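Whatever order the structure lists them in is the order used to number ligands and atoms, beginning at 1. Numbering starts at 1 and runs along the sequence shown.
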Amino acid sequence: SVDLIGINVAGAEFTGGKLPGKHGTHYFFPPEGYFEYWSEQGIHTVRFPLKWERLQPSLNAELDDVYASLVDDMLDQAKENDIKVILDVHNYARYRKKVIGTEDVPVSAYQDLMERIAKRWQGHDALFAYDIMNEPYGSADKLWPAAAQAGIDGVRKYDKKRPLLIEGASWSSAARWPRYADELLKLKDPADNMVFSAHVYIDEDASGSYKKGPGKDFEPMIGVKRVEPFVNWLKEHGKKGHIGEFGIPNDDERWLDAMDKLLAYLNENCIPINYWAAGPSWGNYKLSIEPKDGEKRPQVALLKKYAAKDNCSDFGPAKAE
Ligand SMILES: OC[C@H]1O[C@@H](O[C@H]2[C@H](O)[C@@H](O)[C@H](O)O[C@@H]2CO)[C@H](O)[C@@H](O)[C@@H]1O
């Protein structure tokens, strides 16, 4: 089943400056009882960021025992708690700051990573899908479509069933999607289970930093307006979609109204969303929906209303008929 409502659970990718880094100091996996809270809230799909450099300290070599085992543990806990997990290689189309497709990081090395990820986890019941790369951007954009095919090829050697979530150029911007996405039309998935995943924030620069409030001229449909270019492209090209990140601060009711409008539009078009973000070690982060003393998380109540609505049969938008 494809859940329309889901959340990111971030932390395993934190403190990119420290490699390998230390669990519990630089990065954080869900502790005991973590998924039970979210399951009880009625959330059954999670997107989980992972750091490539921690999974694979050397290219074209075996996955790191300790970090990969933490992923094993997380998947086990998700399964215990009725949660389905999208593994996200949260790397901006780069390995140790070098773009996939450059001499340092050949596409074959990225294919190798994806082979190893699918080989290790394809047998895990909690695994739902693979988001093969978070937010290609900048000098990675031009080479990304070639890298994406290599990633698809890698997963499909070992997992011929699960959805592949394919992000786009320019931080997978939903708003700018059609400017660049035609380059993705050459991608092929022999299993026919490929889904494009765009990101949308509704601050002025769409970075999610929220440097300003809604403003005097706030438009409630801002979220919808920013995903329309993506969804319309999907319809035009007969493709399937997904929103892998969207988040808002908890300090202005207007953001919630925009979120509501967005959720309605995505629901209508059978496009699932992963809210950014929950996680075990966010502290005061403005977009966090993790429970924290003294903080209300109105975004959660809203997600819960939607979570009750029927899911679609598959990733939308529905084919024309
Ligand atoms: O969208 C999340 C992503 O935003 C990045 O900032 C971009 C922004 O997306 C884009 O619309 C604007 O034109 O450019 C900025 C960069 O200057 C941000 O850098 C990422 O960390 C973030 O994940």
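- Scored by the ring-ring contact (aromatic ring centres under 6.0 Å, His included) test, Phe246 finds no partners at all (sequence neighbours excluded).
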Can you list, pair by pair, the side-chain donor-acceptor contacts under 3.5 Å of residues 262-272, counting residues two or more places apart and other chains?
{"residue": "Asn269", "atom": "OD1", "partner": "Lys235", "partner atom": "NZ", "Å": "2.8"}
{"residue": "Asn269", "atom": "ND2", "partner": "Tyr265", "partner atom": "O", "Å": "3.0"}

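- Residues in residues 227-268 take part in no disulfide (SG to SG under 2.5 Å) pair, two or more places apart or across chains.
- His90 and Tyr92 have their aromatic ring centers within a separation under 6.0 angstrom.
- Between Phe196 and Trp233, some side-chain heavy-atom pair lies under the 4.5 Å cut-off.
- Relative ring orientation between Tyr201 and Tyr210 is described as perpendicular, the plane-to-plane angle rising above 60° on a 0-90° scale split at 30° and 60°.
- Closer than 4.0 angstrom to ligand 1 lie heavy atoms from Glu135, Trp171, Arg176, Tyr201, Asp205, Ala206, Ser207.
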